[PDB]
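So this block is my_file_7.cif, mmCIF, C-alpha atoms and all ligand atoms; chains and numbers go by the auth columns:
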```
data_my_file
#
loop_
_atom_site.group_PDB
_atom_site.id
_atom_site.type_symbol
_atom_site.label_atom_id
_atom_site.label_comp_id
_atom_site.label_asym_id
_atom_site.label_seq_id
_atom_site.Cartn_x
_atom_site.Cartn_y
_atom_site.Cartn_z
_atom_site.B_iso_or_equiv
_atom_site.auth_seq_id
_atom_site.auth_asym_id
ATOM 1 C CA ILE A 1 0.000 0.000 0.000 0.00 1 A
ATOM 2 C CA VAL A 2 1.611 3.329 -1.025 0.00 2 A
ATOM 3 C CA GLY A 3 0.452 6.505 0.811 0.00 3 A
ATOM 4 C CA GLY A 4 -1.512 4.500 3.417 0.00 4 A
ATOM 5 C CA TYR A 5 -1.300 4.315 7.228 0.00 5 A
ATOM 6 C CA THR A 6 -0.686 1.607 9.812 0.00 6 A
ATOM 7 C CA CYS A 7 -4.091 0.014 10.426 0.00 7 A
ATOM 8 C CA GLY A 8 -3.399 -0.990 14.039 0.00 8 A
ATOM 9 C CA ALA A 9 -3.204 -4.684 15.121 0.00 9 A
ATOM 10 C CA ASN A 10 -6.330 -6.711 14.307 0.00 10 A
ATOM 11 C CA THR A 11 -8.455 -3.668 13.241 0.00 11 A
ATOM 12 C CA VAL A 12 -9.058 -5.505 9.892 0.00 12 A
ATOM 13 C CA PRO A 13 -10.010 -8.965 11.295 0.00 13 A
ATOM 14 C CA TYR A 14 -10.981 -10.489 7.887 0.00 14 A
ATOM 15 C CA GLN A 15 -7.551 -9.779 6.327 0.00 15 A
ATOM 16 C CA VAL A 16 -5.467 -12.939 5.728 0.00 16 A
ATOM 17 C CA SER A 17 -1.827 -13.284 4.473 0.00 17 A
ATOM 18 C CA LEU A 18 -1.203 -16.169 2.003 0.00 18 A
ATOM 19 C CA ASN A 19 2.225 -17.596 2.900 0.00 19 A
ATOM 20 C CA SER A 20 4.458 -20.129 1.002 0.00 20 A
ATOM 21 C CA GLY A 21 7.547 -19.561 3.222 0.00 21 A
ATOM 22 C CA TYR A 22 7.079 -15.766 2.801 0.00 22 A
ATOM 23 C CA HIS A 23 3.992 -13.490 2.363 0.00 23 A
ATOM 24 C CA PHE A 24 3.050 -13.355 -1.357 0.00 24 A
ATOM 25 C CA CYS A 25 -0.676 -12.238 -1.465 0.00 25 A
ATOM 26 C CA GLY A 26 -3.583 -11.107 0.685 0.00 26 A
ATOM 27 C CA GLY A 27 -7.074 -12.569 0.952 0.00 27 A
ATOM 28 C CA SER A 28 -10.361 -12.073 2.838 0.00 28 A
ATOM 29 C CA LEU A 29 -11.983 -14.562 5.261 0.00 29 A
ATOM 30 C CA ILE A 30 -15.716 -14.948 4.221 0.00 30 A
ATOM 31 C CA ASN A 31 -16.760 -17.824 6.584 0.00 31 A
ATOM 32 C CA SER A 32 -14.722 -19.976 9.041 0.00 32 A
ATOM 33 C CA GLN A 33 -13.437 -22.352 6.337 0.00 33 A
ATOM 34 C CA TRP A 34 -13.230 -20.213 3.166 0.00 34 A
ATOM 35 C CA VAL A 35 -11.076 -17.301 1.960 0.00 35 A
ATOM 36 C CA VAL A 36 -11.472 -15.297 -1.306 0.00 36 A
ATOM 37 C CA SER A 37 -8.297 -14.020 -3.048 0.00 37 A
ATOM 38 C CA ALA A 38 -7.205 -13.392 -6.658 0.00 38 A
ATOM 39 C CA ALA A 39 -6.757 -16.219 -9.197 0.00 39 A
ATOM 40 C CA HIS A 40 -3.330 -14.783 -10.115 0.00 40 A
ATOM 41 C CA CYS A 41 -2.203 -15.600 -6.497 0.00 41 A
ATOM 42 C CA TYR A 42 -2.761 -19.302 -7.100 0.00 42 A
ATOM 43 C CA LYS A 43 0.104 -21.767 -6.285 0.00 43 A
ATOM 44 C CA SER A 44 0.345 -24.974 -4.367 0.00 44 A
ATOM 45 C CA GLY A 45 1.728 -25.085 -0.789 0.00 45 A
ATOM 46 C CA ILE A 46 -0.393 -22.238 0.597 0.00 46 A
ATOM 47 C CA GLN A 47 -0.632 -21.688 4.346 0.00 47 A
ATOM 48 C CA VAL A 48 -3.334 -19.107 5.260 0.00 48 A
ATOM 49 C CA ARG A 49 -2.320 -16.840 8.181 0.00 49 A
ATOM 50 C CA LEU A 50 -5.198 -15.211 10.100 0.00 50 A
ATOM 51 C CA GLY A 51 -5.044 -12.651 12.990 0.00 51 A
ATOM 52 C CA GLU A 52 -1.791 -11.287 11.640 0.00 52 A
ATOM 53 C CA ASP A 53 -0.402 -7.805 12.084 0.00 53 A
ATOM 54 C CA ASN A 54 3.416 -8.066 12.050 0.00 54 A
ATOM 55 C CA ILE A 55 4.066 -10.926 9.513 0.00 55 A
ATOM 56 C CA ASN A 56 7.645 -11.524 10.697 0.00 56 A
ATOM 57 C CA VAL A 57 6.907 -11.934 14.400 0.00 57 A
ATOM 58 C CA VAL A 58 4.486 -14.298 16.277 0.00 58 A
ATOM 59 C CA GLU A 59 2.848 -11.870 18.862 0.00 59 A
ATOM 60 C CA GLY A 60 -0.333 -13.777 19.637 0.00 60 A
ATOM 61 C CA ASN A 61 -3.805 -14.009 17.897 0.00 61 A
ATOM 62 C CA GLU A 62 -2.353 -15.703 14.861 0.00 62 A
ATOM 63 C CA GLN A 63 -3.893 -18.898 13.436 0.00 63 A
ATOM 64 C CA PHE A 64 -1.865 -20.645 10.639 0.00 64 A
ATOM 65 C CA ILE A 65 -4.045 -23.158 8.695 0.00 65 A
ATOM 66 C CA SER A 66 -3.070 -24.981 5.485 0.00 66 A
ATOM 67 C CA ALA A 67 -5.318 -24.618 2.437 0.00 67 A
ATOM 68 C CA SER A 68 -7.166 -27.903 1.558 0.00 68 A
ATOM 69 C CA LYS A 69 -7.962 -26.745 -2.083 0.00 69 A
ATOM 70 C CA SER A 70 -7.911 -23.550 -4.140 0.00 70 A
ATOM 71 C CA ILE A 71 -10.600 -23.086 -6.829 0.00 71 A
ATOM 72 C CA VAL A 72 -9.581 -20.594 -9.499 0.00 72 A
ATOM 73 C CA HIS A 73 -12.581 -19.226 -11.487 0.00 73 A
ATOM 74 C CA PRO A 74 -12.928 -21.584 -14.601 0.00 74 A
ATOM 75 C CA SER A 75 -13.035 -18.505 -16.920 0.00 75 A
ATOM 76 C CA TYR A 76 -9.994 -16.774 -15.402 0.00 76 A
ATOM 77 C CA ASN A 77 -7.804 -15.377 -18.250 0.00 77 A
ATOM 78 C CA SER A 78 -4.230 -14.718 -17.168 0.00 78 A
ATOM 79 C CA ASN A 79 -3.533 -12.372 -20.048 0.00 79 A
ATOM 80 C CA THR A 80 -6.429 -9.966 -19.339 0.00 80 A
ATOM 81 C CA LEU A 81 -6.980 -10.889 -15.643 0.00 81 A
ATOM 82 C CA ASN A 82 -10.697 -11.036 -16.371 0.00 82 A
ATOM 83 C CA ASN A 83 -12.431 -13.199 -13.641 0.00 83 A
ATOM 84 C CA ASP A 84 -9.397 -12.716 -11.341 0.00 84 A
ATOM 85 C CA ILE A 85 -10.969 -14.456 -8.282 0.00 85 A
ATOM 86 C CA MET A 86 -10.134 -17.662 -6.372 0.00 86 A
ATOM 87 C CA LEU A 87 -11.676 -19.420 -3.353 0.00 87 A
ATOM 88 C CA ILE A 88 -9.411 -21.336 -0.886 0.00 88 A
ATOM 89 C CA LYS A 89 -11.017 -23.869 1.480 0.00 89 A
ATOM 90 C CA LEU A 90 -9.067 -24.252 4.790 0.00 90 A
ATOM 91 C CA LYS A 91 -7.950 -27.672 6.073 0.00 91 A
ATOM 92 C CA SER A 92 -9.761 -26.876 9.419 0.00 92 A
ATOM 93 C CA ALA A 93 -12.093 -24.086 10.369 0.00 93 A
ATOM 94 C CA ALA A 94 -10.670 -20.925 11.909 0.00 94 A
ATOM 95 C CA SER A 95 -11.759 -19.886 15.430 0.00 95 A
ATOM 96 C CA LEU A 96 -13.609 -16.612 14.792 0.00 96 A
ATOM 97 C CA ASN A 97 -13.718 -13.996 17.547 0.00 97 A
ATOM 98 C CA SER A 98 -13.043 -10.216 17.358 0.00 98 A
ATOM 99 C CA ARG A 99 -9.497 -10.410 15.974 0.00 99 A
ATOM 100 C CA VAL A 100 -10.435 -12.978 13.343 0.00 100 A
ATOM 101 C CA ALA A 101 -13.875 -12.464 11.787 0.00 101 A
ATOM 102 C CA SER A 102 -15.360 -12.943 8.304 0.00 102 A
ATOM 103 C CA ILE A 103 -16.557 -10.042 6.087 0.00 103 A
ATOM 104 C CA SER A 104 -19.976 -10.146 4.287 0.00 104 A
ATOM 105 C CA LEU A 105 -20.410 -10.469 0.559 0.00 105 A
ATOM 106 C CA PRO A 106 -22.381 -7.584 -1.104 0.00 106 A
ATOM 107 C CA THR A 107 -26.069 -7.673 -1.996 0.00 107 A
ATOM 108 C CA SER A 108 -25.512 -4.982 -4.601 0.00 108 A
ATOM 109 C CA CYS A 109 -22.583 -3.440 -6.423 0.00 109 A
ATOM 110 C CA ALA A 110 -21.191 -0.129 -5.071 0.00 110 A
ATOM 111 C CA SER A 111 -21.367 3.064 -7.082 0.00 111 A
ATOM 112 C CA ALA A 112 -18.612 5.484 -7.980 0.00 112 A
ATOM 113 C CA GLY A 113 -17.776 7.795 -5.125 0.00 113 A
ATOM 114 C CA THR A 114 -18.221 5.052 -2.517 0.00 114 A
ATOM 115 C CA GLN A 115 -15.292 5.295 -0.039 0.00 115 A
ATOM 116 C CA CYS A 116 -13.655 1.916 0.700 0.00 116 A
ATOM 117 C CA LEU A 117 -10.837 0.516 2.840 0.00 117 A
ATOM 118 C CA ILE A 118 -8.027 -1.408 1.091 0.00 118 A
ATOM 119 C CA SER A 119 -5.337 -3.120 3.226 0.00 119 A
ATOM 120 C CA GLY A 120 -2.277 -5.315 2.834 0.00 120 A
ATOM 121 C CA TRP A 121 1.429 -5.915 3.418 0.00 121 A
ATOM 122 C CA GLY A 122 2.401 -4.993 -0.151 0.00 122 A
ATOM 123 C CA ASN A 123 5.032 -2.559 -1.340 0.00 123 A
ATOM 124 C CA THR A 124 4.817 0.994 0.102 0.00 124 A
ATOM 125 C CA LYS A 125 6.986 2.622 -2.691 0.00 125 A
ATOM 126 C CA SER A 126 5.808 3.413 -6.242 0.00 126 A
ATOM 127 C CA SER A 127 9.449 3.363 -7.421 0.00 127 A
ATOM 128 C CA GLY A 128 11.447 0.550 -5.712 0.00 128 A
ATOM 129 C CA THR A 129 10.458 -2.140 -3.190 0.00 129 A
ATOM 130 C CA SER A 130 9.824 -1.541 0.554 0.00 130 A
ATOM 131 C CA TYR A 131 7.600 -4.199 2.143 0.00 131 A
ATOM 132 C CA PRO A 132 6.242 -3.419 5.653 0.00 132 A
ATOM 133 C CA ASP A 133 6.155 -5.688 8.677 0.00 133 A
ATOM 134 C CA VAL A 134 2.686 -4.525 9.777 0.00 134 A
ATOM 135 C CA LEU A 135 -0.605 -4.153 7.943 0.00 135 A
ATOM 136 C CA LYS A 136 -1.200 -0.907 6.031 0.00 136 A
ATOM 137 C CA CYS A 137 -4.543 0.650 5.215 0.00 137 A
ATOM 138 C CA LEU A 138 -5.787 3.079 2.650 0.00 138 A
ATOM 139 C CA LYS A 139 -9.224 4.685 2.187 0.00 139 A
ATOM 140 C CA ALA A 140 -9.916 5.139 -1.568 0.00 140 A
ATOM 141 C CA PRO A 141 -13.088 5.905 -3.570 0.00 141 A
ATOM 142 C CA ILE A 142 -14.464 3.775 -6.424 0.00 142 A
ATOM 143 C CA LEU A 143 -14.092 5.792 -9.695 0.00 143 A
ATOM 144 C CA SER A 144 -16.700 6.167 -12.462 0.00 144 A
ATOM 145 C CA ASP A 145 -16.524 3.751 -15.393 0.00 145 A
ATOM 146 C CA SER A 146 -15.592 6.548 -17.839 0.00 146 A
ATOM 147 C CA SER A 147 -12.547 7.569 -15.791 0.00 147 A
ATOM 148 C CA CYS A 148 -11.549 3.915 -15.360 0.00 148 A
ATOM 149 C CA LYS A 149 -11.944 3.153 -19.110 0.00 149 A
ATOM 150 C CA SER A 150 -10.261 6.396 -20.069 0.00 150 A
ATOM 151 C CA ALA A 151 -7.283 5.382 -17.871 0.00 151 A
ATOM 152 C CA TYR A 152 -6.984 1.811 -19.280 0.00 152 A
ATOM 153 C CA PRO A 153 -8.640 1.900 -22.727 0.00 153 A
ATOM 154 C CA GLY A 154 -9.713 -1.578 -23.953 0.00 154 A
ATOM 155 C CA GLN A 155 -8.462 -3.317 -20.784 0.00 155 A
ATOM 156 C CA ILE A 156 -11.434 -2.977 -18.431 0.00 156 A
ATOM 157 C CA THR A 157 -14.169 -5.642 -18.525 0.00 157 A
ATOM 158 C CA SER A 158 -17.461 -5.463 -16.650 0.00 158 A
ATOM 159 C CA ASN A 159 -15.839 -7.616 -13.902 0.00 159 A
ATOM 160 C CA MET A 160 -13.435 -4.861 -12.956 0.00 160 A
ATOM 161 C CA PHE A 161 -13.658 -1.380 -11.389 0.00 161 A
ATOM 162 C CA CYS A 162 -11.073 1.275 -10.619 0.00 162 A
ATOM 163 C CA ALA A 163 -10.606 2.863 -7.185 0.00 163 A
ATOM 164 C CA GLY A 164 -7.913 5.300 -6.111 0.00 164 A
ATOM 165 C CA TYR A 165 -6.507 8.735 -6.854 0.00 165 A
ATOM 166 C CA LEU A 166 -5.736 9.988 -10.388 0.00 166 A
ATOM 167 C CA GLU A 167 -3.367 12.558 -8.890 0.00 167 A
ATOM 168 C CA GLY A 168 -1.130 9.620 -7.748 0.00 168 A
ATOM 169 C CA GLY A 169 0.594 8.964 -4.361 0.00 169 A
ATOM 170 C CA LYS A 170 -1.934 6.591 -2.757 0.00 170 A
ATOM 171 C CA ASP A 171 -2.679 3.102 -4.173 0.00 171 A
ATOM 172 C CA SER A 172 -2.418 -0.669 -3.545 0.00 172 A
ATOM 173 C CA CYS A 173 0.730 -2.335 -4.979 0.00 173 A
ATOM 174 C CA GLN A 174 2.518 -5.701 -5.456 0.00 174 A
ATOM 175 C CA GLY A 175 2.110 -7.828 -2.277 0.00 175 A
ATOM 176 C CA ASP A 176 -1.420 -6.423 -1.794 0.00 176 A
ATOM 177 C CA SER A 177 -2.885 -8.669 -4.642 0.00 177 A
ATOM 178 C CA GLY A 178 -5.782 -10.843 -3.487 0.00 178 A
ATOM 179 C CA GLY A 179 -6.671 -8.555 -0.633 0.00 179 A
ATOM 180 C CA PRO A 180 -9.910 -6.803 0.279 0.00 180 A
ATOM 181 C CA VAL A 181 -11.598 -3.591 -0.839 0.00 181 A
ATOM 182 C CA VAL A 182 -14.408 -3.189 1.783 0.00 182 A
ATOM 183 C CA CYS A 183 -17.075 -0.536 1.415 0.00 183 A
ATOM 184 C CA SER A 184 -19.915 -0.019 3.912 0.00 184 A
ATOM 185 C CA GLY A 185 -18.898 -3.319 5.586 0.00 185 A
ATOM 186 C CA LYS A 186 -19.212 -5.430 2.424 0.00 186 A
ATOM 187 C CA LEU A 187 -16.416 -7.031 0.381 0.00 187 A
ATOM 188 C CA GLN A 188 -16.795 -5.179 -3.002 0.00 188 A
ATOM 189 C CA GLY A 189 -13.350 -5.768 -4.583 0.00 189 A
ATOM 190 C CA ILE A 190 -10.187 -7.882 -4.654 0.00 190 A
ATOM 191 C CA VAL A 191 -6.811 -6.125 -5.346 0.00 191 A
ATOM 192 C CA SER A 192 -6.008 -7.259 -8.911 0.00 192 A
ATOM 193 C CA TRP A 193 -3.664 -5.047 -11.025 0.00 193 A
ATOM 194 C CA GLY A 194 -2.658 -1.508 -12.034 0.00 194 A
ATOM 195 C CA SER A 195 0.180 0.067 -14.140 0.00 195 A
ATOM 196 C CA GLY A 196 3.006 0.564 -11.635 0.00 196 A
ATOM 197 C CA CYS A 197 1.843 1.826 -8.212 0.00 197 A
ATOM 198 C CA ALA A 198 0.480 5.255 -7.252 0.00 198 A
ATOM 199 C CA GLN A 199 1.272 6.756 -10.681 0.00 199 A
ATOM 200 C CA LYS A 200 -0.749 9.766 -11.833 0.00 200 A
ATOM 201 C CA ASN A 201 -3.750 8.832 -13.995 0.00 201 A
ATOM 202 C CA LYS A 202 -3.130 5.065 -13.436 0.00 202 A
ATOM 203 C CA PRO A 203 -5.552 4.003 -10.630 0.00 203 A
ATOM 204 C CA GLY A 204 -5.766 0.452 -9.183 0.00 204 A
ATOM 205 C CA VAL A 205 -8.068 -2.083 -10.870 0.00 205 A
ATOM 206 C CA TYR A 206 -10.086 -4.487 -8.692 0.00 206 A
ATOM 207 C CA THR A 207 -12.190 -7.616 -9.333 0.00 207 A
ATOM 208 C CA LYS A 208 -15.898 -6.582 -9.027 0.00 208 A
ATOM 209 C CA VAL A 209 -17.066 -9.121 -6.375 0.00 209 A
ATOM 210 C CA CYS A 210 -20.837 -8.308 -6.657 0.00 210 A
ATOM 211 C CA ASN A 211 -20.722 -10.139 -10.077 0.00 211 A
ATOM 212 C CA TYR A 212 -19.519 -13.372 -8.424 0.00 212 A
ATOM 213 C CA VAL A 213 -21.711 -13.757 -5.384 0.00 213 A
ATOM 214 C CA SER A 214 -23.953 -16.513 -6.890 0.00 214 A
ATOM 215 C CA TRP A 215 -20.779 -18.347 -8.106 0.00 215 A
ATOM 216 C CA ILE A 216 -19.153 -18.063 -4.665 0.00 216 A
ATOM 217 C CA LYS A 217 -22.308 -19.358 -2.933 0.00 217 A
ATOM 218 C CA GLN A 218 -22.850 -22.245 -5.415 0.00 218 A
ATOM 219 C CA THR A 219 -19.160 -23.283 -5.313 0.00 219 A
ATOM 220 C CA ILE A 220 -18.872 -23.237 -1.486 0.00 220 A
ATOM 221 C CA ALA A 221 -22.157 -25.144 -1.315 0.00 221 A
ATOM 222 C CA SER A 222 -20.852 -27.966 -3.535 0.00 222 A
ATOM 223 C CA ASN A 223 -17.305 -28.258 -1.952 0.00 223 A
HETATM 224 N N1 LIG B . -1.132 -0.431 -8.840 0.00 301 A
HETATM 225 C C1 LIG B . -1.866 -1.336 -8.226 0.00 301 A
HETATM 226 N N2 LIG B . -2.986 -0.988 -7.647 0.00 301 A
HETATM 227 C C2 LIG B . -1.450 -2.685 -8.181 0.00 301 A
HETATM 228 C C3 LIG B . -2.175 -3.612 -7.412 0.00 301 A
HETATM 229 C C4 LIG B . -1.787 -4.943 -7.335 0.00 301 A
HETATM 230 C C5 LIG B . -0.676 -5.326 -8.025 0.00 301 A
HETATM 231 N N3 LIG B . -0.109 -6.465 -8.115 0.00 301 A
HETATM 232 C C6 LIG B . 0.924 -6.329 -8.885 0.00 301 A
HETATM 233 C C7 LIG B . 1.775 -7.431 -9.166 0.00 301 A
HETATM 234 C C8 LIG B . 2.974 -7.248 -9.896 0.00 301 A
HETATM 235 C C9 LIG B . 3.826 -8.343 -10.187 0.00 301 A
HETATM 236 O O1 LIG B . 4.821 -8.192 -10.897 0.00 301 A
HETATM 237 C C10 LIG B . 6.174 -8.118 -10.421 0.00 301 A
HETATM 238 F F1 LIG B . 6.531 -9.257 -9.715 0.00 301 A
HETATM 239 F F2 LIG B . 7.002 -8.063 -11.521 0.00 301 A
HETATM 240 F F3 LIG B . 6.377 -6.940 -9.729 0.00 301 A
HETATM 241 C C11 LIG B . 3.474 -9.610 -9.727 0.00 301 A
HETATM 242 C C12 LIG B . 2.293 -9.801 -9.002 0.00 301 A
HETATM 243 C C13 LIG B . 1.427 -8.735 -8.718 0.00 301 A
HETATM 244 O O2 LIG B . 0.236 -9.022 -8.037 0.00 301 A
HETATM 245 N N4 LIG B . 1.079 -5.084 -9.344 0.00 301 A
HETATM 246 C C14 LIG B . 0.052 -4.488 -8.776 0.00 301 A
HETATM 247 C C15 LIG B . -0.305 -3.136 -8.884 0.00 301 A
HETATM 248 CA CA CA B . 2.704 -11.888 13.617 0.00 302 A
#
```

Step by step, read the file and then write its structure as structure tokens.
Amino acid sequence: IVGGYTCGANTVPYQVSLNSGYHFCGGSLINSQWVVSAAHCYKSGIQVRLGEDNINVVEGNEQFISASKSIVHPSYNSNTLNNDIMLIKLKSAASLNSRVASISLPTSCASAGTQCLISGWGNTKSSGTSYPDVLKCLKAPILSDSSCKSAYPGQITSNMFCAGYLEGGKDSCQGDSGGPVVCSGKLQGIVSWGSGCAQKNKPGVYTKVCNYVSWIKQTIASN
């Protein structure tokens, strides 16, 4: 997260860190046994870390659970990142409480102007790499479709939305992929891609979760 602030330990209780011997992506806990992340974060050997704040130190509240299976959306396209969503089922259910809690899926899509909270342990520099130890937060608004499409002509599908600042300086970045975009207490986006990080006129692009709620419910129900 570039231009963000330290969230404070366990203030974002649905945030998870996907770890394969190091933190590589974020995710959101939606029920005690399922996490939603981005299909481009897929890999085998995933350990889901819940109740985390400092990813390099065990300080208490952490729950490390291995993933039993990861389900990448069947229509995920790695070249366009269309349908960039993945569900991970945990080997055992997490103990939910106030430091570890799930986030609700939306009943409707959010409109431009909605203010949302994006969080993660991704890069905090737009030029160079600086990865934090603790969770960073950023409040960003969803942009209108014309500004999004004008920023990335021909690369935005109806399963994507832009959120951020066209003036630059504040944005999600590498390491934040797979993490949550929560607006009015509902999970509306998944950090997906962007051109560089916090560059002027190049906002972040997020998977539009309201278009996958029926798929998420049907898939969890049959697995
Ligand atoms: N500007 C943004 N809002 C943004 C958000 C997530 C990103 N994730 C990545 C990303 C970049 C990668 O390429 C690299 F390893 F060469 F840097 C790899 C994975 C990513 O998720 N870039 C990103 C940019
Ligand atoms: Ca820790």

Self-check item: Selection under test: the PyMOL selection byres (((not hetatm)) within 9 of (chain A and resi 302)); residues as a PyMOL selection string
Solution: chain A and resi 49+51-62+133-134

For those residues, write C-alpha atoms to a file as a compact mmCIF listing (two decimals), keeping the file's coordinate frame.
```txt
# COMPACT_ATOMS: atom_id res chain seq x y z
CA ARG A 49 -2.32 -16.84 8.18
CA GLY A 51 -5.04 -12.65 12.99
CA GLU A 52 -1.79 -11.29 11.64
CA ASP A 53 -0.40 -7.80 12.08
CA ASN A 54 3.42 -8.07 12.05
CA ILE A 55 4.07 -10.93 9.51
CA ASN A 56 7.64 -11.52 10.70
CA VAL A 57 6.91 -11.93 14.40
CA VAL A 58 4.49 -14.30 16.28
CA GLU A 59 2.85 -11.87 18.86
CA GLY A 60 -0.33 -13.78 19.64
CA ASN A 61 -3.80 -14.01 17.90
CA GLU A 62 -2.35 -15.70 14.86
CA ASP A 133 6.16 -5.69 8.68
CA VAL A 134 2.69 -4.53 9.78
```

Practice problem: Please write the residues picked by the PyMOL selection byres (((not hetatm)) within 9 of (chain A and resi 301)) on this file as a ChimeraX atom specification. | Solution: /A:1,24-25,38,40-41,122,126,162-164,171-178,191-199,202-206

Padding of 3 Å on every side, edges along x, y and z, all listed atoms of range 193-197 of chain A included: what centre and edge lengths in Å, to one decimal, does that box have, as AutoDock Vina command-line options?
```
--center_x -0.3 --center_y -1.6 --center_z -11.2 --size_x 12.7 --size_y 12.9 --size_z 11.9
```

Quiz item: Nearest to residue 110 in chain A: which of A:220, A:138, A:182, A:36 is it, counting only C-alpha atoms?
Solution: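 Going through A:220, A:138, A:182, A:36 one by one, the smallest distance to residue 110 in chain A is for A:182.
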
Quiz prompt | Computed interatomic separation between CA of residue 159 in chain A and CA of residue 208 in chain A (Å) | solution =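 About the pair CA of residue 159 in chain A and CA of residue 208 in chain A: they are 5.0 Å apart.
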
Exercise. To verify the selection step, state as a PyMOL selection string which residues the PyMOL selection byres (((chain A and resi 98) around 12) and not hetatm) yields on this input.
Key: chain A and resi 9-14+50-51+61+95-97+99-103

Within 8 Å of range 81-91 of chain A, counting only C-alpha atoms, which residues qualify if same-chain residues fewer than 6 places away don't, as a compact mmCIF listing (two decimals) with C-alpha atoms, in the frame of the given file?
```
# COMPACT_ATOMS: atom_id res chain seq x y z
CA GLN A 33 -13.44 -22.35 6.34
CA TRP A 34 -13.23 -20.21 3.17
CA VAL A 35 -11.08 -17.30 1.96
CA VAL A 36 -11.47 -15.30 -1.31
CA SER A 37 -8.30 -14.02 -3.05
CA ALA A 38 -7.20 -13.39 -6.66
CA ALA A 39 -6.76 -16.22 -9.20
CA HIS A 40 -3.33 -14.78 -10.12
CA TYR A 42 -2.76 -19.30 -7.10
CA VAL A 48 -3.33 -19.11 5.26
CA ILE A 65 -4.04 -23.16 8.70
CA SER A 66 -3.07 -24.98 5.48
CA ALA A 67 -5.32 -24.62 2.44
CA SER A 68 -7.17 -27.90 1.56
CA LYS A 69 -7.96 -26.74 -2.08
CA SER A 70 -7.91 -23.55 -4.14
CA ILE A 71 -10.60 -23.09 -6.83
CA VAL A 72 -9.58 -20.59 -9.50
CA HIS A 73 -12.58 -19.23 -11.49
CA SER A 75 -13.04 -18.50 -16.92
CA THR A 157 -14.17 -5.64 -18.52
CA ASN A 159 -15.84 -7.62 -13.90
CA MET A 160 -13.44 -4.86 -12.96
CA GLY A 178 -5.78 -10.84 -3.49
CA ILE A 190 -10.19 -7.88 -4.65
CA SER A 192 -6.01 -7.26 -8.91
CA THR A 207 -12.19 -7.62 -9.33
CA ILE A 216 -19.15 -18.06 -4.66
```

Quiz prompt | Minimum-distance residue to residue 2 in chain A, chosen among A:64, A:161, A:121, A:76 (using all atoms listed in the file) | solution =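 Result for the nearest residue to residue 2 in chain A: A:121.
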
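Using only C-alpha atoms, the smallest distance between any of A:221, A:181, A:94, A:210 and residue 109 in chain A comes from A:210.
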
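Closest to residue 45 in chain A among A:142, A:18, A:187, A:156 is A:18, based on all atoms listed in the file.
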
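Every protein, DNA or RNA residue with an atom at most 10 Å from residue 5 in chain A, where all atoms listed in the file count and chain neighbours fewer than 5 positions away do not, is listed here: residues 119, 124, 135, 136, 137, 138 and 139 of chain A.
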
Quiz item: Given the choices A:130, A:115, A:211, A:17, which gets closest to residue 158 in chain A if the distance is worked out from all atoms listed in the file?
Solution: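 Going through A:130, A:115, A:211, A:17 one by one, the smallest distance to residue 158 in chain A is for A:211.
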
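Atom to atom, CA of residue 28 in chain A and CA of residue 155 in chain A stand 25.3 Å apart.
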
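Distances here use only C-alpha atoms; by that measure, the residue among A:6, A:80, A:140, A:19 closest to residue 168 in chain A is A:140.
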
Quiz item: By how many Å are CA of residue 149 in chain A and CA of residue 188 in chain A apart?
Solution: 18.8 Å
